[PDB]
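First up is the structure itself, then whatever we jot down about it.
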RNA sequence: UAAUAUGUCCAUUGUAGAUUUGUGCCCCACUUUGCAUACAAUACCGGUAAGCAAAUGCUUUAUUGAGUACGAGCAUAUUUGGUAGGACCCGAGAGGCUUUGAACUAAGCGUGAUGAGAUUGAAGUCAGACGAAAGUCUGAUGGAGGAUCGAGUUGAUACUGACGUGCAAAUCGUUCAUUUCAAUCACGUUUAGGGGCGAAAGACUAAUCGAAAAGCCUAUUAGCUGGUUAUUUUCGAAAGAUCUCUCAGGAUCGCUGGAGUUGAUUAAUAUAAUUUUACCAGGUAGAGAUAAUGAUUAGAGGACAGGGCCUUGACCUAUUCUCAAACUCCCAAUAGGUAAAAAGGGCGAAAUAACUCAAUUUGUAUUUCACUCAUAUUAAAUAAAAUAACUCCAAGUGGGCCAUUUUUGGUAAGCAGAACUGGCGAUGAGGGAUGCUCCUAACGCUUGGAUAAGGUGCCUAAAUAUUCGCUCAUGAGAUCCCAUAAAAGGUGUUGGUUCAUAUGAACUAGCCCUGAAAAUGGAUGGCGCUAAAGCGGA
RNA sequence: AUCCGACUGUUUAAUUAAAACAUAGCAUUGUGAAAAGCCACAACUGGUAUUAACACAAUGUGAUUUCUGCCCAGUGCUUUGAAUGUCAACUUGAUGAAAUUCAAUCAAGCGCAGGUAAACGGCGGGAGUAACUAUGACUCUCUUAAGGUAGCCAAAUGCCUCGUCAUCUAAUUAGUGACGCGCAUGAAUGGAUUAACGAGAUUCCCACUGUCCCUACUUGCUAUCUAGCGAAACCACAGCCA
RNA sequence: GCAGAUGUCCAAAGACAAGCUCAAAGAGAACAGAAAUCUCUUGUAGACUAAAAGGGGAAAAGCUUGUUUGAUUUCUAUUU
RNA sequence: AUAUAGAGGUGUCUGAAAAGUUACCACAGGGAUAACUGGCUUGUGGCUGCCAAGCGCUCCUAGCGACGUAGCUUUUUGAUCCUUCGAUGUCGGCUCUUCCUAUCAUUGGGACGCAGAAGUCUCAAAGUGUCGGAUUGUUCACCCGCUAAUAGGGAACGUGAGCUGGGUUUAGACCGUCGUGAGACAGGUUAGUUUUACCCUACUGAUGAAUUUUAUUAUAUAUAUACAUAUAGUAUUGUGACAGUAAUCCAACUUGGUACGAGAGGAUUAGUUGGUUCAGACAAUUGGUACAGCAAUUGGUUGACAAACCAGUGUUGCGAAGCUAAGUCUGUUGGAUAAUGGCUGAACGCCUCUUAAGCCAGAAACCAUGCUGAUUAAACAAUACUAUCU
RNA sequence: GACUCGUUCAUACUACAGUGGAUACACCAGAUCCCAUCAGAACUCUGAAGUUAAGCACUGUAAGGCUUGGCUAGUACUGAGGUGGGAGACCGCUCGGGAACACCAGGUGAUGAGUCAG
Ligand SMILES: [Mg+2]
Ligand SMILES: [Mg+2]
Ligand SMILES: [Mg+2]
Ligand SMILES: [Mg+2]
Ligand SMILES: [Mg+2]
Ligand SMILES: [Mg+2]
Ligand SMILES: [Mg+2]
Ligand SMILES: [Mg+2]
Ligand SMILES: [Mg+2]
Ligand SMILES: [Mg+2]
Ligand SMILES: [Mg+2]
Ligand SMILES: [Mg+2]
Ligand SMILES: [Mg+2]
Ligand SMILES: [Mg+2]
Ligand SMILES: [Mg+2]
Ligand SMILES: [Mg+2]
Ligand SMILES: [Mg+2]
Ligand SMILES: [Mg+2]
Ligand SMILES: [Mg+2]
Ligand SMILES: [Mg+2]
Ligand SMILES: [Mg+2]
Ligand SMILES: [Mg+2]
Ligand SMILES: [Mg+2]
Ligand SMILES: [Mg+2]
Ligand SMILES: [Mg+2]
Ligand SMILES: [Mg+2]
Ligand SMILES: [Mg+2]
Ligand SMILES: [Mg+2]
Ligand SMILES: [Mg+2]
Ligand SMILES: [Mg+2]
Ligand SMILES: [Mg+2]
Ligand SMILES: [Mg+2]
Ligand SMILES: [Mg+2]
Ligand SMILES: [Mg+2]
Ligand SMILES: [Mg+2]
Ligand SMILES: [Mg+2]
Ligand SMILES: [Mg+2]
Ligand SMILES: [Mg+2]
Ligand SMILES: [Mg+2]
Ligand SMILES: [Mg+2]
Ligand SMILES: [Mg+2]
Ligand SMILES: [Mg+2]
Ligand SMILES: [Mg+2]
Ligand SMILES: [Mg+2]
Ligand SMILES: [Mg+2]
Ligand SMILES: [Mg+2]
Ligand SMILES: [Mg+2]
Ligand SMILES: [Mg+2]
Ligand SMILES: [Mg+2]
Ligand SMILES: [Mg+2]
Ligand SMILES: [Mg+2]
Ligand SMILES: [Mg+2]
Ligand SMILES: [Mg+2]
Ligand SMILES: [Mg+2]
Ligand SMILES: [Mg+2]
Ligand SMILES: [Mg+2]
Ligand SMILES: [Mg+2]
Ligand SMILES: [Mg+2]
């Protein structure tokens, strides 16, 4: 069925992805990535919490999926299903391989860096503690060393809260869905 | 067929080059000569092209030869090497050739012998009994049988008994199978080695058998194993590579020694695992995905298909999340190449040519003259740079392994496979308790000194030094490789950070505790150590 | 009671005594003779053979009982040959100045056409289908030289497997009797069955016992000590551990 | 180790020249439809180039046409 | 025939013209290379965590624990090929000892989805124990039964100069499949030599010298003295450092049909009597044993009777004594603790088992007591006499 | 002012606009001949009636692109050293070297030879 997961912890082997030279690779267990009110505006949620791994590791896709599930369920238990936005900001492309000689492809892995974020929760400023808790719970399921990190950003958008507010006040920013575009003074009239 | 070719006894032309000759006794800066040799260039000889072609073959053109251009060889002594031989020594299994054996054993034959004693009781025979008939029974006798049991004999079933440096290179004990027949034994005799003999086990053929023994061919051959003999000194490797019926070998390169030569000895030019100043060449690390390929998660904003103006879609547009060893707009570090001037370069003349051009001189290249280029700081440093080149002759080696870093396969491996460098191997010494590779440092023999790595409680030479913290452990901790520990905890203590109203939080990181279980007894190396002799410093 | 061999016999001298070999019986094949068969020998000659088809030689199977199915495409063996493809020397002819080069020819052998399995051997797969379901007499289909027949079986033949049901036991991966789409049974590779026999292989029952519970005592001979005599293998040096 | 490929194919798919521009998309035109042909617009190649894959290639190295055999003989310097 | 240039081909592609088998094998070698241990690794197996979606009537966590994740172990099988091919005897059983703990039972505890009983989870605990059988060569497995329980392991997958040799893995042979065949089988079946201790060490016992750079826990008449005592030889009695250790579990009944429970059921703890296993003895008694000894008797032999003898101890019967089990007897309790429960009591004005300082009760565990040795201490003391002693 | 041959080969491109045509370019007019096709569309030839409408030149766009520079950022990465840390994964320090995307701002050409018109 599966291996102890400690076999595919460290980033040994160069990134081996799904392409013309892999072919027979099973589907990743994680498919949703982002859930809980995914169609919300940028102005809807202000509190953004990240799950930053301080480990150069691989992270099974299945593990990631499990973590996501944990995050979701906890959120549901806590507040409304439409009061948060869960984003998995790491995708598994590096397909592992097993030998039963060159091994045959078996499952994918979501290899990470020392600085990059795993899970990101965009919620209202009221439910930040809950979000943090959820993140922590999720972490219990990843390998290595992770850390819950509340951001000064507005939510997924690369602007500080105050800055965002300022922008809104002078109308230099247009909100689409989750992501927002900043008017740069560049295009034609 | 056979080496300028009779203009001249002269001895082809260069560029560096020893020695000379002079000028101002080694360097200098010129002249002067130009050994050896290197590097070319020409001639010419043989062949072969090509062009011509009836000659003694001719040619302004090619190529090729182990050629030639004023000979160097021959002989011999020693040497190493390579080859043949017994071939450094010792070692096979075998192959053949000619003999010797059947006293053992195998079978056949000839002549002889040998099998205590019992048991069963076949035919035939005799007597008796019954039946309308056919016929059928009963008691003897008889002594048949590859019948039965069984001493001996011949064997060898079991104890897998004893013995197993025995009594014995197959024995002993008990048990067992065999005993009138395919029996057993003796003597004689026949059959002999790729042969015999075989109720067949490749059995046996003189303790020898899936091809005897003896001698010879033979000192057969072995890329394989073991061995391979005085001392000191000097130099000193490789375990790459290409080919190999090759992967335990060999051949040739590499690396090494010796021999020699040309040089250098003019703190120079040559040159250098080095750097600079120039100039390049890259596409790895990184970075990118709203740059292309391939992926890839979302919604937002928009204008073809389906259902009853709305919904589901796809499609654009602007975005967004994450990516690539076999993606790239870009692109390091490191590594690499050329450059940095006298056998040369400048600007010029005149030459020469069958080349080139439109230009007998348009240029090219060559040659001879000119003028003139830093130089003792030596055309940027620095250089125990000539200990250099080069040539020869050979040896060993061609199983490698380890460490940091980069790295591929592999769950991983003291695993397999690679890259750069260093080691070990070939290497001791001081340290790491102990150790082929870790650190220090490579080694003549001595004295004194001062260190390196590491240490300084004792073992153990050197501090129970000083100085500021941190740790208490009812399985502490103790220094690269290294001899393991983790996720997760901890109202243990010690600092912090962020917050709130001297408390309440949340975190955070040090030490410490839990998590933490394997087999002989037990290992920071031991003893021990807690105001450390622990951990982190100074 | 089961398995194997029928039996008496023989065998690997010194690890295998048997289920191996032999055996009678059965079956096959060749050969009518010194020009035959099978074999030996360098040769000439010889053996069988002082033989003659109830013989000799060569095989296979292995008493009896009961049977030995199907298949000659494959490989063998074998039978007919101027219809016959090929197939050698010689021969013969053509060519040439000749060497040669070419053609042609009734050899066997093979090819062509048969015969042969007690010669070597081999001997199917899928579907569908019967008043509660199952199974499939029966049907279709691809294909083979023939598609394994009578039997027999988890047999010394069964991987799965310690196969399912019985039976033996308190309990049985054993034994026995069944079952059988049998990886991969099977008919002189003989199949199936067998009385008697076996230092054969296997299981159970009764008797019997120190095999064992659970050891004890005892006897000879050794060991032991002495007198006498007196080796060897082995041995780098040696000999405590964590 | 990984993803593959080769033992060939071609009088042209060779040679030279000329002309032309491809894939795709959109908007159009009887039959005509998701593919038939034609036209225009846009078209850095997203086509095609004998085949593996990687280069390279646009008044071409692709496609169309014309003319042809240099897929010729001999010999060097050489690179892998 | 050459010369030159192509072509006919070597795909093992720098280019032999080439099929098998050996379980009948031989030789040279190889740990450059397998099957065995160990070693490295731990994928696999086994064991332990962490998180908590649920399950568990209600309830995340009594017990569980998905999705995940972190380890450890080498009792699995691999991976590996470092060690050994001038041999480390290759499975299993029997036998025997020790070690481990990842404890099945027993002791003490804590938790429960603990009313009692029974049980489940868990902690200190390895002191003591963990069987008889049927089938299989088996390890493993599966039953049957007893049991307090029938826990898991290791020690060169402990243990072949200990054995056994059933299997695997020689030669014989049979069957099935495979191969044209010789033969092959990680298919089945049967028959198939298990050599040597007398060496060193280790262990078990058995003697036994020697021991002055060696000793001394005092001696001597309140004072002395290590600037000191000590001869030796026998012999008795002791000392006892140190080493070894031993006892173990159950049943029945009484407590009690009581506590508890709606009821059915139904105990802890003591106490008593027994037993099991083990150990140490011992033999009155029972049995066992016979080459003390009597008695009988068979065949033979001495002329007979008698007395005997011989038959590897002739064979019986009985058999003292001596050994011996299947027989009999005996097999302690303190100290200090672990788990745990507490106590006083801060940190932290309360609380707090101390997750401070101090205490307390507490286990089949530990150490004593007890028991065995004590040329394990080269030990020593005291007495008794003696050869000269001062 | 314009053209021809060019050089660098986007500051030169593209998209949408605007402005300009003395000479020039260009479009355009015609097909006998050389020629080329399905087609005088192209190509070729012969012209000069018109026109800047396009080509072309020039300019504009809080243009796309490209090109310089800052800024990312001394961040990422990295050469050498370390008995440095960290169980490890990896991460500091010492001597050095040093990116990229994005972002912001500037820029949108220059030029060699010749000829022609005034
Ligand atoms: Mg596992
Ligand atoms: Mg790898
Ligand atoms: Mg010799
Ligand atoms: Mg030969
Ligand atoms: Mg004889
Ligand atoms: Mg005889
Ligand atoms: Mg025998
Ligand atoms: Mg014996
Ligand atoms: Mg003996
Ligand atoms: Mg044989
Ligand atoms: Mg020899
Ligand atoms: Mg030297
Ligand atoms: Mg060797
Ligand atoms: Mg990268
Ligand atoms: Mg990235
Ligand atoms: Mg790349
Ligand atoms: Mg060596
Ligand atoms: Mg060294
Ligand atoms: Mg050490
Ligand atoms: Mg160093
Ligand atoms: Mg000194
Ligand atoms: Mg000093
Ligand atoms: Mg000292
Ligand atoms: Mg101590
Ligand atoms: Mg110390
Ligand atoms: Mg028989
Ligand atoms: Mg024998
Ligand atoms: Mg027979
Ligand atoms: Mg028969
Ligand atoms: Mg038949
Ligand atoms: Mg014929
Ligand atoms: Mg049948
Ligand atoms: Mg039985
Ligand atoms: Mg049966
Ligand atoms: Mg068959
Ligand atoms: Mg017999
Ligand atoms: Mg001797
Ligand atoms: Mg063209
Ligand atoms: Mg090895
Ligand atoms: Mg594991
Ligand atoms: Mg050895
Ligand atoms: Mg031995
Ligand atoms: Mg041994
Ligand atoms: Mg425990
Ligand atoms: Mg329990
Ligand atoms: Mg209870
Ligand atoms: Mg083991
Ligand atoms: Mg032994
Ligand atoms: Mg033995
Ligand atoms: Mg054994
Ligand atoms: Mg056996
Ligand atoms: Mg055998
Ligand atoms: Mg008695
Ligand atoms: Mg007598
Ligand atoms: Mg008696
Ligand atoms: Mg405290
Ligand atoms: Mg205009
Ligand atoms: Mg712009």
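Residue numbers (the deposited numbering): 2 to 101, 118 to 206.
For every residue, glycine included, the Cβ atom is placed at its ideal position computed from N, Cα and C.
Thinking C-alpha only, which one of the options is nearest residue i?
i           : options           : result
residue 32  : 160, 148, 42, 90  : 90
residue 50  : 39, 92, 134, 121  : 134
residue 159 : 129, 145, 176     : 129
residue 44  : 88, 99, 84, 93    : 84
residue 26  : 148, 122, 169     : 122
residue 139 : 191, 30, 39, 20   : 39
residue 52  : 46, 165, 126, 101 : 165
residue 161 : 34, 181, 54       : 54
residue 6   : 24, 47, 125, 81   : 125
residue 19  : 92, 148, 41       : 92
residue 14  : 172, 98, 169, 148 : 98
| message | Quick check for students: name the residue ranges of the alpha helix (DSSP H) that lie wholly in the segment 29 to 83, counting only runs of 4 or more. | response | 62 to 79
| Contact the segment 43 to 60 vs the segment 4 to 11: 3+ CB pairs below 8 Å | yes
| So, do the segment 197 to 206 and the segment 61 to 80 have three or more beta carbon pairs nearer to each other than 8 Å? | no
| Any contact of the segment 144 to 159 with the segment 71 to 78, i.e. 3+ C-beta pairs under 8 Å? | yes
| request: Would you mind listing the beta strand (DSSP E) stretches within the segment 136 to 183 that are 3+ residues and don't spill past its ends, in chain order? | output: 163 to 167, 170 to 172, 174 to 177
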